[PDB]
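Take a look at the structure set out below.
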Number of protein chains: 2
Amino acid sequence: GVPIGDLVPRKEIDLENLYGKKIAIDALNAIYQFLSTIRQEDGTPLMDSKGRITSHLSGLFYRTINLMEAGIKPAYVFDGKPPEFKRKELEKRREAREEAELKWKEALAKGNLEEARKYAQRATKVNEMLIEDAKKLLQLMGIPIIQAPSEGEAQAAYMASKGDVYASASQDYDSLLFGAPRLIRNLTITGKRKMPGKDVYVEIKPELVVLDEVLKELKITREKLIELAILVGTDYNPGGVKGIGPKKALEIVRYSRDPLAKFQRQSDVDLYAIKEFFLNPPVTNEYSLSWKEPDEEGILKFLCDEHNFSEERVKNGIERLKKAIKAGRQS
Amino acid sequence: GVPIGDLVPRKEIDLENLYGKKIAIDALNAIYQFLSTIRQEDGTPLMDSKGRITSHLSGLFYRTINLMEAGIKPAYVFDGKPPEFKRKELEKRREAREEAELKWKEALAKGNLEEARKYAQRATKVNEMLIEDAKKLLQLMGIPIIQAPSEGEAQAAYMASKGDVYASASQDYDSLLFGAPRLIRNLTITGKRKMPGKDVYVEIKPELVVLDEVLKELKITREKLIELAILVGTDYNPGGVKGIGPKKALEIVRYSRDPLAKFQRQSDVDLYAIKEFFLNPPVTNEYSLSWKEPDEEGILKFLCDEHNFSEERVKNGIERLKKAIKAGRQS
């Protein structure tokens, strides 16, 4: 996402005023919030006996369930073929003999000394397998799992720009750029918000960002909110125009009609291409939200006979979501 | 340096419980936290009319007077030389044709982000500019300078064990490594909580981190605490031994007898040399701490005549300065 965090206004909330609300949750984010938070007391990410990591499974599973126990209903939006926003230069920047596979598979980094999500995200290291166990587990889990044409946050946004949910959920403010009315942050890591942290966002208690208040208290019109964010830098140009920061961009945008204009030559990717994208994102309208329930054996196999989850808790864990899915009254 | 924030426990005192207290502020970390928070409203860093930055001068100035209005009496330890064992001088990091470093100024500090810190907080031989303009301001305003053979926080640690100082101050934890019995954080930015965000390490009120309590809780003891930080990554070994992070490193430390040994292998840039240095630092002590009386107009000369400061704000500042200093100053 984009660093325009210090500029967008926020409210509070408790996981009581999400009672009964449909919420679109961008999965890869949710998966990277767990890869960080769900660790061993011995500081390392949960892994299954044969080595591979397991936290985005131990997360996704107990966390959508405790939400659903709170009464929220979630649907995870899945990325499509990511837009690939950079220059041409080699026609097909294909299989560029650089280190594939042994980048993040053995990504030293989740033993966290840094944030190499930024390794996966350049031209390779298909960690699509991480998402593959996640749509897979979500399906037995019962969960609505919307798939999207281009980037997850935008269909997560569109679903909100057409009454299907009350919000997008991600720790990123990229849905405000694709028009999300609401963006609620802190769902996958809401907790006992009290004395220390990872980096503690002290009220790790959900926050409600509203595109109305973000647009009135900083008086810019939505496609200028894109402009600012392009200049500061998006994941489609990871530094922005050399030297501008949130508030200087807040002006350049703010008054000068058509601000991208002055840069582009001042070196980067062709800044107009990206905007267009945040205005007009590729969006699927074909998705059904809830329909079916948890294949427990199918689950004890994937989580214990396959990933050595304790048979024990996930037996008495599917249970809690069965409490949760099957029981929303009728009406 | 020393990412071990989350382990090291800290009580939250009130600035008001520091009057009468001497505190050795490590100067280059205050230079960098001021060059961080002392922004012009538009975004850009406060600049003198010939383009050069002076956030470091405003902060260095008005903070140490606004520190004395509460009554603490501070002295600013300055760095001496390096050690620098890193990147292998011959090839990487010999200080020869240092690019006149544009991406410290332009792209980096204007640009809101201290990736830039690298090229002076982590090596005093590129933009020295800063600790020389501060050595002037500090001596003309009669606040003590303690030069010191190499590392500033080590010095500020010696000064606190040997009771000349209540405690070191800095945001980095490197003085606990170096022996400092007490550490006080957030001094250089003690401020208005209520304003959504600023920049900080934890959050805007002075907390006190005590080496007694950090060792008692971590059930290890200093030469171990030092082995910890070496695993995680201190500044002379910037990305530690890959894949081991504080919590792991705490155990590794706690269990074994010679942690460096295993990784002194590949992962080499001498894990034993950094050990000695956190135990045996070059500390000086020909220093004299007298808070004298300030160069009334001479001050007014360099900040106003020569650095384009305002008259009556500075004038008020020089007024405040004096009233505040004779009252702490004894013999």
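Ligands are numbered from 1 in the order shown, residues from 1 within each chain, and chains are lettered A, B, ... in the order they appear in the structure tokens.
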Polymer residues at most 10 Å from range 277-280 of chain B, only C-alpha atoms, same-chain spacing of 6 or more positions, as a list in words: residues 83, 151, 154, 174, 175, 176, 177, 178, 179, 222, 223, 225, 226, 227 and 230 of chain B
Interface residues on chain B facing chain A, 8 Å, only C-alpha atoms, written as a PyMOL selection string: chain B and resi 6+42-44+106-112+196-198+232+239-240+242-248+251
Which residues are close to range 257-269 of chain B, i.e. within 8 Å by only C-alpha atoms, leaving aside same-chain residues fewer than 2 positions away? Reply as a PyMOL selection string. chain B and resi 85-86+227+231+237+241-242+252-253+255+271-272
Would you mind exporting the chosen residues as a PDB file, in the first residue's frame, restricted to C-alpha atoms?
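After the write, again_15.pdb holds the following:
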ATOM      1  CA  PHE B  85      34.147  -3.072  10.750  1.00  0.00           C
ATOM      2  CA  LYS B  86      31.481  -3.212   7.990  1.00  0.00           C
ATOM      3  CA  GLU B 227      25.304 -11.338  22.381  1.00  0.00           C
ATOM      4  CA  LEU B 231      22.449 -11.879  16.661  1.00  0.00           C
ATOM      5  CA  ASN B 237      26.671  -5.826  11.640  1.00  0.00           C
ATOM      6  CA  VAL B 241      22.754 -13.481  11.292  1.00  0.00           C
ATOM      7  CA  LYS B 242      19.844 -14.020   8.968  1.00  0.00           C
ATOM      8  CA  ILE B 252      19.950 -18.845  21.813  1.00  0.00           C
ATOM      9  CA  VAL B 253      21.661 -16.418  24.202  1.00  0.00           C
ATOM     10  CA  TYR B 255      20.744 -21.473  26.544  1.00  0.00           C
ATOM     11  CA  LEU B 271      30.781 -11.313  15.769  1.00  0.00           C
ATOM     12  CA  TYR B 272      33.520 -11.563  18.328  1.00  0.00           C
TER      13      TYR B 272
END
Residues flagged strand (DSSP E or B) by DSSP in range 26-118 of chain B, as a list in words: residues 26, 39, 45, 47, 53, 73, 74, 75, 76, 77, 89 and 91 of chain B
Give me a file of those residues, with N, CA, C and O atoms, as a short mmCIF file (atom, residue, chain, number, x, y, z; two decimals), in the first residue's frame.
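Dumped everything to again-v5.cif:
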data_model
loop_
_atom_site.label_atom_id
_atom_site.label_comp_id
_atom_site.auth_asym_id
_atom_site.auth_seq_id
_atom_site.Cartn_x
_atom_site.Cartn_y
_atom_site.Cartn_z
N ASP B 26 22.71 12.00 23.81
CA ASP B 26 23.65 11.67 22.74
C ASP B 26 23.23 12.65 21.67
O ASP B 26 22.03 12.66 21.34
N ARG B 39 9.45 19.79 10.97
CA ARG B 39 9.06 20.01 9.57
C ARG B 39 8.44 21.39 9.37
O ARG B 39 7.93 21.98 10.33
N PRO B 45 11.61 20.41 4.98
CA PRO B 45 12.37 20.66 6.21
C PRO B 45 12.65 22.12 6.40
O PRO B 45 12.92 22.77 5.39
N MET B 47 14.36 25.34 6.28
CA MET B 47 15.58 25.67 5.57
C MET B 47 15.96 27.12 5.68
O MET B 47 15.08 27.98 5.65
N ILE B 53 19.69 22.97 5.44
CA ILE B 53 18.65 22.70 6.40
C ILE B 53 19.06 23.15 7.78
O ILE B 53 20.25 23.19 8.14
N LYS B 73 19.24 19.38 33.52
CA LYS B 73 20.39 20.06 32.98
C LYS B 73 21.21 19.15 32.10
O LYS B 73 21.94 18.27 32.55
N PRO B 74 21.10 19.29 30.79
CA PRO B 74 21.63 18.37 29.82
C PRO B 74 22.95 18.67 29.16
O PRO B 74 23.16 19.82 28.79
N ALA B 75 23.77 17.69 28.86
CA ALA B 75 25.04 17.91 28.20
C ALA B 75 25.09 17.05 26.96
O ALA B 75 24.64 15.92 27.04
N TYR B 76 25.64 17.43 25.80
CA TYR B 76 25.49 16.64 24.59
C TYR B 76 26.73 15.95 24.13
O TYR B 76 27.60 16.55 23.49
N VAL B 77 26.81 14.69 24.49
CA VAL B 77 27.87 13.82 24.05
C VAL B 77 27.92 13.80 22.53
O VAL B 77 26.91 13.54 21.89
N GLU B 89 35.94 -2.60 3.70
CA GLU B 89 36.70 -1.50 3.17
C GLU B 89 37.87 -2.04 2.31
O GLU B 89 38.61 -2.94 2.73
N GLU B 91 36.92 -2.54 -1.01
CA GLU B 91 35.75 -2.54 -1.85
C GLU B 91 34.75 -1.84 -0.91
O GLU B 91 35.06 -0.71 -0.49
#
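Once chain A is fitted to chain B over the full set of C-alpha atoms, matched in order, the RMSD stands at 2.1 Å.
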Report, in Å with one decimal, the straight-line distance from CA of residue 165 in chain B to CA of residue 24 in chain B. 6.4 Å
